[PDB]
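A short write-up of the structure that comes next.
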Amino acid sequence: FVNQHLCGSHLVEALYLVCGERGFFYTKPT
Amino acid sequence: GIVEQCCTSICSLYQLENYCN
Numbered sequence: 001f002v003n004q005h006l007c008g009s010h011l012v013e014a015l016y017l018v019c020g021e022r023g024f025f026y027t028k029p030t
Numbered sequence: 001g002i003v004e005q006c007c008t009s010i011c012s013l014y015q016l017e018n019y020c021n
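Read top to bottom, the protein sequences are chains B and A.
Numbering follows the authors' numbering, in which position 17 of the first sequence is assigned residue number 17; successive positions increment by one, without gaps.
Numbering follows the authors' numbering, in which position 19 of the second sequence is assigned residue number 19; successive positions increment by one, without gaps.
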């Protein structure tokens with residue numbers, strides 16, 4: 001996996017690529 | 001939270017999965 005800063009469009013694209021179509025929630029509160 | 005790890009620092013697959021559904 002990459003070792004870089006990821007913000008805005010880069011943060012959500014990398015998070016979605018890691019979730020692999022599972023979907024995401026940026027802070028996932030209870 | 002995703003922003004404090006990824007925007008102002010470096011983050012990984014092993015941090016990123018904590019924000020998946």
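Think of the CB as a built atom: it goes at the ideal place given N, C-alpha and C, for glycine as much as any other residue.
Judged by DSSP in its simplified three-state form, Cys7 of chain A adopts coil rather than helix or strand. Note that the C-beta distance between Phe24 of chain B and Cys20 of chain A is below 9 Å.
Between the alpha carbons of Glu13 of chain B and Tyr14 of chain A lies a gap of roughly 16 Å. Close CB contacts of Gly20 of chain B within its chain, under the 7 Å cut and outside five residues either way in sequence, are absent.
Between the alpha carbons of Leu11 of chain B and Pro29 of chain B lies a gap of roughly 18 Å.
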